[PDB]
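Worksheet for the structure shown next.
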Amino acid sequence: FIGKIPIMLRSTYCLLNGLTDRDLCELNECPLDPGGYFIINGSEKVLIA
Amino acid sequence: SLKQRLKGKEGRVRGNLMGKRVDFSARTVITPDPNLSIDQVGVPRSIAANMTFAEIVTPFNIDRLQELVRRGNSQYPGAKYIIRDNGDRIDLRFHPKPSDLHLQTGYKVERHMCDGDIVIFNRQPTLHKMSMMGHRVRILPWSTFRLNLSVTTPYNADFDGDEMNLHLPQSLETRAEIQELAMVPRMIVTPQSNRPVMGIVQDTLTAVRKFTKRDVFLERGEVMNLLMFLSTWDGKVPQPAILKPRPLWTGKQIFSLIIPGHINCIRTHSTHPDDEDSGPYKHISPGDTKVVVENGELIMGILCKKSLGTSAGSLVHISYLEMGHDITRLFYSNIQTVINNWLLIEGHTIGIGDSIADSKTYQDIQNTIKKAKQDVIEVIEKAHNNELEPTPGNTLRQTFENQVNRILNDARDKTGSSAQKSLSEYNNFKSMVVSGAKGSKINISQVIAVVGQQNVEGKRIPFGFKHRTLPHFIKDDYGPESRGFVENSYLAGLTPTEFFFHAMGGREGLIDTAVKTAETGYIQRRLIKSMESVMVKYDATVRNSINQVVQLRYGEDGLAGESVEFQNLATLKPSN
Amino acid sequence: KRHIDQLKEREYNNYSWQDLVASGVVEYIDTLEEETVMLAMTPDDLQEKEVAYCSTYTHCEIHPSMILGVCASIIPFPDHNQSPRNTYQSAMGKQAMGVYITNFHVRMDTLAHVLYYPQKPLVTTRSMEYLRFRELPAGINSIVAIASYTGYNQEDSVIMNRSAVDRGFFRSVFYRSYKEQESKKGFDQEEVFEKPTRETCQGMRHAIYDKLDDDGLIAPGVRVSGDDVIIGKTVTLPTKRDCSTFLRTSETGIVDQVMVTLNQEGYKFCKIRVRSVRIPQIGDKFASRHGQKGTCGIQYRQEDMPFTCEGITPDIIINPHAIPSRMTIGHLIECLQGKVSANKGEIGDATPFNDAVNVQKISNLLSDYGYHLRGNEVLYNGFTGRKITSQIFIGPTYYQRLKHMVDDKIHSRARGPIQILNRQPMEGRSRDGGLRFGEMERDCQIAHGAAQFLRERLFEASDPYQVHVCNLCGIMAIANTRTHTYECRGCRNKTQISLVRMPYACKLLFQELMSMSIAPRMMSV
Amino acid sequence: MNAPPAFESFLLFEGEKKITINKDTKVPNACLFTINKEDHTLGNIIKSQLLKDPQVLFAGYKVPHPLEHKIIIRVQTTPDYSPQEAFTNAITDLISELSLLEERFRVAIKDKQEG
Amino acid sequence: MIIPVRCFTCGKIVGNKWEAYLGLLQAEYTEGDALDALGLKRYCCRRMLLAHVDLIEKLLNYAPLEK
Amino acid sequence: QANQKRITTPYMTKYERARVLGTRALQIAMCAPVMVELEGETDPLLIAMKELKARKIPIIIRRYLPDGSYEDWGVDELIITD
Amino acid sequence: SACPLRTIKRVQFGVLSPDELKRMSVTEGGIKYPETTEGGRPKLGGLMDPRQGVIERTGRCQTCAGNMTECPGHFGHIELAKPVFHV
Amino acid sequence: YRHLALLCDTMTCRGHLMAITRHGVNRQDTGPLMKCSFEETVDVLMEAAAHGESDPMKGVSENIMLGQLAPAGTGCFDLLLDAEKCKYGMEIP
Amino acid sequence: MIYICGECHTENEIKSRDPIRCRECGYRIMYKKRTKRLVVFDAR
Amino acid sequence: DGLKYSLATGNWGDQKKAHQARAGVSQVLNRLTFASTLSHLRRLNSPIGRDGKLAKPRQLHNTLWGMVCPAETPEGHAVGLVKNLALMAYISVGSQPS
Amino acid sequence: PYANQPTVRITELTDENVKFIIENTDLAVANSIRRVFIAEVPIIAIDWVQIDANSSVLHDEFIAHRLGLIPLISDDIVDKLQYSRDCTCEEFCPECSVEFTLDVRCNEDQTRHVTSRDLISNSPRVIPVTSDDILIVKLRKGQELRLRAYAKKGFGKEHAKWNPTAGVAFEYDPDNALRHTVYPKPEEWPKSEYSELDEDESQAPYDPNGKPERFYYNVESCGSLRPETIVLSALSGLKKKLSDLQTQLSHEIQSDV
DNA sequence: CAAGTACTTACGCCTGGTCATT
RNA sequence: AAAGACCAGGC
Ligand SMILES: [Mg+2]
Ligand SMILES: [Zn+2]
Ligand SMILES: [Zn+2]
Ligand SMILES: [Zn+2]
Ligand SMILES: [Zn+2]
Ligand SMILES: [Zn+2]
């Protein structure tokens, strides 16, 4: 182990990947929520191109 | 370091001394209020119930101040502090404090701001001295500031999330200074251009144009309702311009009552034909132009921006010069109130019916645009066969660009003229353009006839791609559609290429707006800091901080610029 | 046609975009290959033989409405507007108010506005189907009248119907979250969530602590007003010093949800959400989908509002003067299409470049429903009952409420806190601070020739101060006022001393110069 | 937050008066009636009823400010007929007209229903 | 979010006409005919049912705080 | 300079009027005697304006000519602009 | 407050002579210590010299009656071992 | 015209074309405290300290900095009490 | 003082200074179970 | 901590070199409106300083057709330098050119 | 110098609409009657809500406001229910308010629609317009909503929940003969429902000696007061306001003179 | 006495959130 | 809680 890389929401490595709407709502995530933001210290961070 | 503290903005000399944050100042969103006089500011009860003004408890008003103290800080018309002579302050907010409510002469009571208190209203981009004007507080419900619409122009305000600052002078001396120096009525005429700053603007101007025709006849009840709103009315109902068959008044007849005193004025309405003055009907005016106000009665003419606006010789300017600041303030407020309450009856709108022309005018506009396109195609062909001689002073390419711009601008001008000439006399676009309230001829031309050439950097839409403006065009297409002519009008909707070209043009305008501000502000600061201390000494010589003579007489003649006005020499021109 | 046929059966056929691309139909073109590509805007008009312009097209565009981005695709009929108005709408749409995410109940986020009754536009763009704007609308359709009713809509302001706002128009909830964290910083220095008693904590405030429970946290449902304590907390001083969290000034909300957990470090962590129903008042900001923005000038009741022969009193009256100069015509055509769509029963199409939705077509469809073809309606004055001699343009337009509310912008200052260094009023509305009297303001006042007001603003209103200056040397002198022993070290002077009233900012300037070896002597002779 | 309570347009609080009569000194027998907590509903109908009276030379009403709740009615009558008399007669006439209209409408509803 | 009772512009109850609107649309009718069959003659009332988004169904999919 | 040879404007400038009104208003608020009779006015600014119109203000404006000399003009001598 | 309230008619700039700095300084021997406090209390000769000003927001300084509002802050001095340019 | 005239004079009065910039507003024979408010601050103050330059506090920025009544309008004159006119007339208190 | 767990929703009586731990759920987020005191909502 | 700090504070680089580091990248996802969330997730930022007075880098180039919204750009001194993607725009992820 | 004599004829009278024409009356009086329809007609509406449990996705103020707009049949007891401001008792009493109780907990898997049928009152006359049902909230399994409310008597000036009417359609001079609205192009405006002119002609000829009369109405109830009750109570309230104003004016004249 | 370099300045106000250091 | 930086935004 050498570190912890922040994982973008709804990326192939997020726990929200491939989940149906019912599963996400069971996880209290909005199925319409696009993803694409990291979570750092609780806040949601978006990396601008 | 020690140097960075003492530096420019956010430093010490400029961030804490030449400018500093102040007490007894509030701010909230401004919102229109045509009922308030020109010299009034609508202040919420929270701002008033927080901001305090200290009044010395004289024996004349020991009773009133004692009642205010008894109210406390909870009740709005109350007080917060009693400043006894020795400087000690007793606070009314915490506990009733029944033994500390005693008042004698020399104490101060920090009463909440009440109606009539003079305040300085500020809009932060303070460019001229008409941007910080003294208003009189009027307390109104809800939590927004409220200022009269004729005061919109001097502040450069507009009620779209706008905010203003309210500074409350605290001593009697500063209150008297603002009252005798920077009240709104005293600053009607700026010395910048010897013209009024405030004019009848927006709805009231449009309704004044509609209200001052020969068309408008008013019945008895409408006259009574309108005359209720004149603050300067003597109580006499004028005899109608139409009697027996049915007593009917006229719009000009009622406007004569608003006009203060015995004011004389001669103006020309916007749509005044050029040949009327030379021809007959000079004093008869079939189109009801040539506003003539004699003895304070509006004899004839339609009132628009050219008479009730911020131009030299306007009826408001003549009112300020002849009558005074107080009567001119009454004039502004009365115009707005009576004309708005008539507009309740008449009404005003804007809609699709005003942006659609007759099918004949659409045909004429399309034919003009197609003729211009054929002309520009002919010019392109002529330049491609090398039949265009290079105009002196310009190269061949610039000559061709000038020819294309001339053809397209001529087309836009003619199409706009046709669209303007096709507007119904009831058109709302035309009503607002002739009124001058908000609009321009080019706006009608674009919403009806043609949007026109779109320019970036002053030339046509540049060849961003390789010799083509967009991928949809062939290379070296200098035709009007390719290089930026938006043939379609706003109502007809713009095709995608025209949409992107309009995006480029509007973006150019936005960039100019956002990038000129720094340079202009810096220039203003340099100008002020160059002549901040230059003043007129008591020997009428203009001198700087070191008593160096700049001008022997101020402006070489010794007279302030608020009172001067344009006149004709009447001897310079005519022959021997 | 086969590709569209398989895509119409996208379900239970496993045909997707990737199959379309892998079949050689669509191709990705980057910016510098777009130079060597001749593009047809639409097929039906450019591919076909005519007076030929280009006979070598290499690609064609799916629909030219994809040039516009996410926030600009909500604009109905954007091709008719002036482009700067489209930019203003693009900026304004992000500030619109609505359901920002369907699970706002679980997320404890600061500055969460949730609208009450969002409505999906009746004049929609097809692109909006992919932005999920229909599923999470930000705005509501208002029967907008373009009329100059009582002058309270002049400039950019609007007149909002008090009865509509009464029945739930544009009502919103403002969830604000407060986060507090117990921590152990010193050896015996410990923070703890517990309700402070009247006399156990040396530091206290005049707030009311009665709303806190045993845990120092208010239970939800408690109606917390301004300055009331939310999360009771204190630090054991080396008896205790309170560090509980008050509310912002003048909020008057109700607690929604209070959460306890452990943070990363394992300490107790609390998050409290307070909701405040923000009914649209006459300071609030409202914007159309065309850059037509404005504050609610006044809130007339339904009887005061003008009415049609039917009884449709406009919810919002906007100024006719807003339109003509800025040439926003998507607003007008959108009102027309809203009227035609609400009457007909479908949701109209406002796709930018459609060439099959003209103004005249919409006008004819509107005339087919018993209305004026141009959208006008004969309106009756609510005060007097009379017909308004000019027919008012009334139509259902999508208006969106903005985050800019006057109760989040109104500030008043009268002798509040001062900075530690400058001893001038603090910066900001939250710090009870004061408005700034910048350089341009003082230049304006000098132009007025107003010396006393300028002095009051830059001396008395802000930091006033008194110093003692030696007369022999302008360097400030030691001044023990109670003992009255005014002594100036450096010349042994004890009698020739004068009192100077200067702003504290100037005292700091002089002392800062003295720390740079400059001696700013203040000689009064 | 500076919202007036909704009951500030019809409810009279402690101290202020429903109606006040002030003589206008500029012109003879012309008075000014200030009605508190009242709006166009009464002012317009009073003005219209007054204008029916041949002895009224001027009759008008206004709301000084929409945010406020107050009506000012200026009444100028012919001599030998006071503005107070004009106001009270016009109110009585409105009362009589509304009574007649209510009786006629009750007749109409009785006739329409099962009639 | 939930169907606005009491249409804003006029005041007619459109809060009980949403489930009937959904059933009518689901069964046969066009949107205009369903609105007529609910007696929403005025277009302001039609803007309530027609343009509503029933987010409360999306909200109800989430588990409650307490069972 | 002396009382004679007053070379300045006989008219009272707007700044002079503003500051004389402010100072007199503060004096009146500080229980100073009022030179003119008052018709039941309790606003010190209003009393000050009444005195100014009546030309009964006990104030002499000292106008400093740029050379350093000063001219003392009584408020009663100057002609009010308003 | 016994001294007259006299306005400033002139500001004469100049460079603080070392003798003027040593005489005006309220610290004797110069500031010779880097520690701000040593036992939780202001240390004489430290950067937070109790004679140099008023601290702890309630107290009064040694030099006068501070109250944290009356005291303007009195100057200290450091005796450099070897002189140094002024930038 | 008077505003343009005053600008053009405040440039071309000291005998040379004086740019409205740090070189010309901070070059004149004004005071250190007036120059110190325009783009140089510490530099002007350091020069004044070196050469012993004296600020007579005649301008406006100088008196604003010290919180004194600047010699602007309502500041260019000093009021005095008139002893004879206090007796004359009626005096109630 | 009773806290409702954020996952299992089974109310747990957790004393002060005890770690925030949901019994039988193993979840570290808990909630607060709105107070029994009653406030008045004017239906305006 | 390096990844965490760079994503949190926004200064792209090492903590010790904050001043020399690029700032304004990794902003906080604004969640006022859904359209705002989408616009923030699809945003491009020209690194040029916002204080530049040259108009050219802010103008809408012809080559933005279909790649960047011609309209969406924040007003103020950041106009034309903060841009938003068109609906169909896709950014290439990379492919080894073997 | 006297009042006119209005004559009213009713064209349509249904359970939710009265369409009547009033003749020989002035325009101001017709407009005032129309305004009293919207503004000054009393009705019983829920204006005190105390919520014991609310697990609904819609928060407490949301459901309180939804309750308030629920029309309650105040056909009879509104005249015999005193205002809370004028009642003797503090808070609420059976003569100044009507108590409602709601208590619904969703235990079934299918959603539970909390509707106006679940508002349990105590006065049999005041029932929330259920002789479909107005939807208050929707609940899933385990969610609960219980509340106790008091409904007071008010009019539409105070809040729109007491406004008895949906659209009051007021129209006069349908065939434009007084020229009160100058149609720009007359031919393109739809004929009114009450138009009495031929198809070919656009507007009636101008009538300079005319004045407005024959005012057409369409008073549409909200299920609270039947339309006839709305109009009768509106005339009653307007007359009461004028009678009270006359009482005050007579008092003022006697006090001054 | 020219050619080279470096230095200083670049609208006003206002709102919120976030973070690292104390 | 404090001033420092950054960010977004309003006119
Ligand atoms: Mg603006
Ligand atoms: Zn000394
Ligand atoms: Zn409706
Ligand atoms: Zn000291
Ligand atoms: Zn659990
Ligand atoms: Zn009771």
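How things are named: the first chain in the structure tokens is A, the next is B, and so on; residues count from 1 in each chain; ligands count from 1 in the order shown.
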Problem - Test item: residues at most 8 Å from residue 71 in chain C, only C-alpha atoms (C1' of nucleotides), excluding those fewer than 3 positions along its chain, as a list in words - result: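 Everything that qualifies: residues 74, 89, 90, 91, 93 and 94 of chain C; 35, 36, 39 and 72 of chain J.
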Export of the given selection (N, CA, C and O atoms) as a CSV table (one decimal), in the first residue's frame:
chain,number,residue,atom,x,y,z
C,74,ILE,N,-31.6,25.3,-23.0
C,74,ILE,CA,-32.9,25.5,-22.4
C,74,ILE,C,-33.6,26.8,-23.0
C,74,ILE,O,-34.8,26.9,-22.8
C,89,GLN,N,-28.8,34.5,-20.3
C,89,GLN,CA,-29.6,33.4,-19.9
C,89,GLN,C,-28.7,32.2,-19.5
C,89,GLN,O,-29.0,31.5,-18.6
C,90,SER,N,-27.6,32.0,-20.3
C,90,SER,CA,-26.7,30.9,-20.0
C,90,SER,C,-26.1,31.1,-18.6
C,90,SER,O,-26.0,30.2,-17.8
C,91,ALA,N,-25.8,32.4,-18.2
C,91,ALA,CA,-25.4,32.7,-16.9
C,91,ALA,C,-26.5,32.5,-15.8
C,91,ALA,O,-26.2,32.0,-14.7
C,93,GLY,N,-29.3,30.6,-15.9
C,93,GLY,CA,-29.9,29.3,-15.7
C,93,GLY,C,-29.2,28.5,-14.6
C,93,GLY,O,-29.9,27.8,-13.9
C,94,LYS,N,-27.9,28.7,-14.5
C,94,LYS,CA,-27.2,28.1,-13.4
C,94,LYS,C,-27.6,28.6,-12.0
C,94,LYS,O,-27.5,28.0,-11.0
J,35,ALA,N,-28.9,22.1,-14.0
J,35,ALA,CA,-28.2,22.7,-15.1
J,35,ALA,C,-26.8,23.2,-14.7
J,35,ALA,O,-25.8,23.2,-15.4
J,36,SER,N,-26.7,23.8,-13.4
J,36,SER,CA,-25.4,24.3,-12.9
J,36,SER,C,-24.5,23.1,-12.7
J,36,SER,O,-23.3,23.2,-13.0
J,39,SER,N,-23.3,22.1,-16.1
J,39,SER,CA,-22.4,23.0,-16.7
J,39,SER,C,-21.0,23.0,-16.0
J,39,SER,O,-20.0,23.3,-16.7
J,72,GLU,N,-22.6,30.4,-23.9
J,72,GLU,CA,-22.3,30.2,-22.5
J,72,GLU,C,-20.8,30.6,-22.2
J,72,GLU,O,-19.9,30.0,-22.7
Exercise for the section: Using only C-alpha atoms, select each residue of chain J with any atom at most 12 Å away from an atom of chain B, and give the selection as a ChimeraX atom specification. Expected result: /J:50-66,68-81
Practice task
Write down as an MDAnalysis selection string the residues of range 47-141 of chain K whose backbone DSSP state falls under strand (DSSP E).
Solution key: chainID K and resid 47:54 98:105 112:115 120:121 135:139
Exercise for the section: Write out as a PyMOL selection string all residues of range 11-53 of chain F that backbone DSSP assigns to helix (DSSP H, G or I). Expected result: chain F and resi 14-29+44-53
Problem - Protein and nucleic residues near ligand 1, 12 Å, only C-alpha atoms (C1' of nucleotides) and all ligand atoms, as a list in words - result: residues 29, 30, 31, 123, 124, 125, 152, 153, 155, 156, 157, 158, 159, 160, 161, 162, 163 and 164 of chain B; 155, 156, 157, 292, 293, 294 and 295 of chain C; 10 and 11 of chain M
I need the residues from that last selection saved to file as a PDB file, in the first residue's frame (with N, CA and C atoms (P, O5', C5', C4', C3', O3' and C1' of nucleotides)), if you can.
ATOM      1  N   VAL B  29     -31.520  45.849  -1.975  1.00  0.00           N
ATOM      2  CA  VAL B  29     -31.859  45.891  -3.390  1.00  0.00           C
ATOM      3  C   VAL B  29     -32.826  47.033  -3.657  1.00  0.00           C
ATOM      4  N   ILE B  30     -32.578  47.782  -4.717  1.00  0.00           N
ATOM      5  CA  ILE B  30     -33.452  48.887  -5.064  1.00  0.00           C
ATOM      6  C   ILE B  30     -34.574  48.385  -5.963  1.00  0.00           C
ATOM      7  N   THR B  31     -35.689  49.122  -5.963  1.00  0.00           N
ATOM      8  CA  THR B  31     -36.928  48.701  -6.596  1.00  0.00           C
ATOM      9  C   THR B  31     -37.747  49.937  -6.920  1.00  0.00           C
ATOM     10  N   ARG B 123     -24.676  54.943  -5.632  1.00  0.00           N
ATOM     11  CA  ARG B 123     -24.475  53.750  -6.441  1.00  0.00           C
ATOM     12  C   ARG B 123     -22.984  53.600  -6.693  1.00  0.00           C
ATOM     13  N   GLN B 124     -22.454  52.417  -6.381  1.00  0.00           N
ATOM     14  CA  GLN B 124     -21.023  52.285  -6.125  1.00  0.00           C
ATOM     15  C   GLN B 124     -20.133  52.744  -7.269  1.00  0.00           C
ATOM     16  N   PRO B 125     -20.414  52.459  -8.535  1.00  0.00           N
ATOM     17  CA  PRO B 125     -19.611  53.088  -9.584  1.00  0.00           C
ATOM     18  C   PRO B 125     -19.864  54.581  -9.614  1.00  0.00           C
ATOM     19  N   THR B 152     -33.403  57.249 -11.717  1.00  0.00           N
ATOM     20  CA  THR B 152     -32.698  56.110 -12.288  1.00  0.00           C
ATOM     21  C   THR B 152     -31.539  56.555 -13.171  1.00  0.00           C
ATOM     22  N   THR B 153     -31.756  57.568 -14.008  1.00  0.00           N
ATOM     23  CA  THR B 153     -30.709  57.997 -14.934  1.00  0.00           C
ATOM     24  C   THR B 153     -29.459  58.522 -14.236  1.00  0.00           C
ATOM     25  N   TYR B 155     -28.152  57.941 -11.291  1.00  0.00           N
ATOM     26  CA  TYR B 155     -27.456  56.844 -10.652  1.00  0.00           C
ATOM     27  C   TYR B 155     -26.995  55.803 -11.646  1.00  0.00           C
ATOM     28  N   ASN B 156     -27.457  55.884 -12.887  1.00  0.00           N
ATOM     29  CA  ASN B 156     -27.236  54.836 -13.869  1.00  0.00           C
ATOM     30  C   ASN B 156     -27.752  53.509 -13.335  1.00  0.00           C
ATOM     31  N   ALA B 157     -28.944  53.545 -12.761  1.00  0.00           N
ATOM     32  CA  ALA B 157     -29.534  52.405 -12.090  1.00  0.00           C
ATOM     33  C   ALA B 157     -30.534  51.700 -12.989  1.00  0.00           C
ATOM     34  N   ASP B 158     -30.920  50.514 -12.548  1.00  0.00           N
ATOM     35  CA  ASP B 158     -31.866  49.652 -13.232  1.00  0.00           C
ATOM     36  C   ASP B 158     -32.205  48.548 -12.254  1.00  0.00           C
ATOM     37  N   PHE B 159     -33.484  48.306 -12.024  1.00  0.00           N
ATOM     38  CA  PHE B 159     -33.878  47.413 -10.947  1.00  0.00           C
ATOM     39  C   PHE B 159     -33.840  45.970 -11.441  1.00  0.00           C
ATOM     40  N   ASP B 160     -32.615  45.480 -11.622  1.00  0.00           N
ATOM     41  CA  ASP B 160     -32.337  44.071 -11.888  1.00  0.00           C
ATOM     42  C   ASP B 160     -31.273  43.624 -10.893  1.00  0.00           C
ATOM     43  N   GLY B 161     -31.703  43.278  -9.685  1.00  0.00           N
ATOM     44  CA  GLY B 161     -30.759  42.895  -8.658  1.00  0.00           C
ATOM     45  C   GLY B 161     -29.806  43.990  -8.252  1.00  0.00           C
ATOM     46  N   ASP B 162     -30.093  45.234  -8.618  1.00  0.00           N
ATOM     47  CA  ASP B 162     -29.228  46.347  -8.262  1.00  0.00           C
ATOM     48  C   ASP B 162     -29.269  46.598  -6.768  1.00  0.00           C
ATOM     49  N   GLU B 163     -28.175  47.134  -6.252  1.00  0.00           N
ATOM     50  CA  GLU B 163     -28.073  47.501  -4.854  1.00  0.00           C
ATOM     51  C   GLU B 163     -27.487  48.895  -4.757  1.00  0.00           C
ATOM     52  N   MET B 164     -27.916  49.626  -3.739  1.00  0.00           N
ATOM     53  CA  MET B 164     -27.408  50.960  -3.494  1.00  0.00           C
ATOM     54  C   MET B 164     -27.060  51.091  -2.025  1.00  0.00           C
TER      55      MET B 164
ATOM     56  N   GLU C 155     -38.196  50.186 -15.618  1.00  0.00           N
ATOM     57  CA  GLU C 155     -36.829  49.688 -15.772  1.00  0.00           C
ATOM     58  C   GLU C 155     -36.959  48.181 -15.972  1.00  0.00           C
ATOM     59  N   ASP C 156     -36.262  47.353 -15.212  1.00  0.00           N
ATOM     60  CA  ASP C 156     -36.318  45.920 -15.425  1.00  0.00           C
ATOM     61  C   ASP C 156     -37.217  45.191 -14.436  1.00  0.00           C
ATOM     62  N   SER C 157     -37.916  45.904 -13.559  1.00  0.00           N
ATOM     63  CA  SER C 157     -38.682  45.239 -12.517  1.00  0.00           C
ATOM     64  C   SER C 157     -39.937  44.575 -13.077  1.00  0.00           C
ATOM     65  N   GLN C 292     -34.255  38.274 -19.714  1.00  0.00           N
ATOM     66  CA  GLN C 292     -35.146  39.280 -19.153  1.00  0.00           C
ATOM     67  C   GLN C 292     -35.210  39.063 -17.653  1.00  0.00           C
ATOM     68  N   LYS C 293     -34.425  39.843 -16.929  1.00  0.00           N
ATOM     69  CA  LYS C 293     -34.279  39.721 -15.492  1.00  0.00           C
ATOM     70  C   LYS C 293     -34.907  40.918 -14.797  1.00  0.00           C
ATOM     71  N   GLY C 294     -35.353  40.704 -13.568  1.00  0.00           N
ATOM     72  CA  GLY C 294     -35.888  41.810 -12.814  1.00  0.00           C
ATOM     73  C   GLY C 294     -36.335  41.487 -11.408  1.00  0.00           C
ATOM     74  N   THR C 295     -36.288  42.489 -10.543  1.00  0.00           N
ATOM     75  CA  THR C 295     -36.789  42.370  -9.188  1.00  0.00           C
ATOM     76  C   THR C 295     -38.303  42.525  -9.184  1.00  0.00           C
TER      77      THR C 295
ATOM     78  P     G M  10     -23.559  36.554 -12.209  1.00  0.00           P
ATOM     79  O5'   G M  10     -24.079  37.661 -11.206  1.00  0.00           O
ATOM     80  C5'   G M  10     -25.231  37.431 -10.418  1.00  0.00           C
ATOM     81  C4'   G M  10     -25.545  38.640  -9.591  1.00  0.00           C
ATOM     82  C3'   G M  10     -25.421  39.951 -10.328  1.00  0.00           C
ATOM     83  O3'   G M  10     -26.551  40.254 -11.108  1.00  0.00           O
ATOM     84  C1'   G M  10     -24.282  40.105  -8.294  1.00  0.00           C
ATOM     85  P     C M  11     -26.348  40.967 -12.518  1.00  0.00           P
ATOM     86  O5'   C M  11     -26.038  42.468 -12.124  1.00  0.00           O
ATOM     87  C5'   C M  11     -26.972  43.219 -11.378  1.00  0.00           C
ATOM     88  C4'   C M  11     -26.411  44.559 -11.000  1.00  0.00           C
ATOM     89  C3'   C M  11     -25.864  45.397 -12.136  1.00  0.00           C
ATOM     90  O3'   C M  11     -26.871  46.059 -12.876  1.00  0.00           O
ATOM     91  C1'   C M  11     -24.369  45.446 -10.309  1.00  0.00           C
TER      92        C M  11
END
Exercise for the section: Pick out the residues no farther than 8 Å from ligand 6, counting only C-alpha atoms (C1' of nucleotides) and all ligand atoms, and list them as a PyMOL selection string. Expected result: chain K and resi 82+84+87-97
Exercise for the section: With a cut-off of 12 Å and counting only C-alpha atoms, select all residues of chain D in contact with chain C and give the selection as a PyMOL selection string. Expected result: chain D and resi 1-4+6+9+39-48+61-63+65-67
Handout entry: Protein and nucleic residues near ligand 3, 7 Å, only C-alpha atoms (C1' of nucleotides) and all ligand atoms, as JSON, numbers by chain
Key = {"E": [7, 8, 9, 10, 11, 12, 42, 43, 44, 45]}
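Using only C-alpha atoms (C1' of nucleotides) and all ligand atoms as the basis for the distance check, residues found within 6 Å of ligand 4 are residues 53, 61, 63, 64, 65, 66, 71 and 73 of chain G.
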Handout entry: Cut-off 12 Å, only C-alpha atoms (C1' of nucleotides) and all ligand atoms, neighbours of ligand 2 as a ChimeraX atom specification
Key = /C:468-478,486-498,521-523 /G:20-21,23-24
Exercise for the section: Would you work out the distance separating CA of residue 24 in chain C from CA of residue 89 in chain J, expressed in Å to one decimal? Expected result: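 CA of residue 89 in chain J lies 19.0 Å from CA of residue 24 in chain C.
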Handout entry: Non-local contacts of residue 27 in chain I (12 Å; only C-alpha atoms (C1' of nucleotides); under 5 positions in same chain excluded) as an MDAnalysis selection string
Key = (chainID C and resid 260:262) or (chainID I and resid 3:10 12 19:22)
Dump as a PDB file with C-alpha atoms (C1' of nucleotides), in the first residue's frame the residues of chain M that approach chain C to within 12 Å, counting only C-alpha atoms (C1' of nucleotides).
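Result file out_10.pdb:
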ATOM      1  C1'   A M   1     -13.357  32.451  16.411  1.00  0.00           C
ATOM      2  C1'   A M   2      -9.082  35.599  13.399  1.00  0.00           C
ATOM      3  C1'   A M   3      -6.852  37.427   8.940  1.00  0.00           C
ATOM      4  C1'   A M   8     -17.904  31.237  -7.800  1.00  0.00           C
ATOM      5  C1'   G M   9     -21.286  35.087  -8.337  1.00  0.00           C
ATOM      6  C1'   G M  10     -24.282  40.105  -8.294  1.00  0.00           C
TER       7        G M  10
END
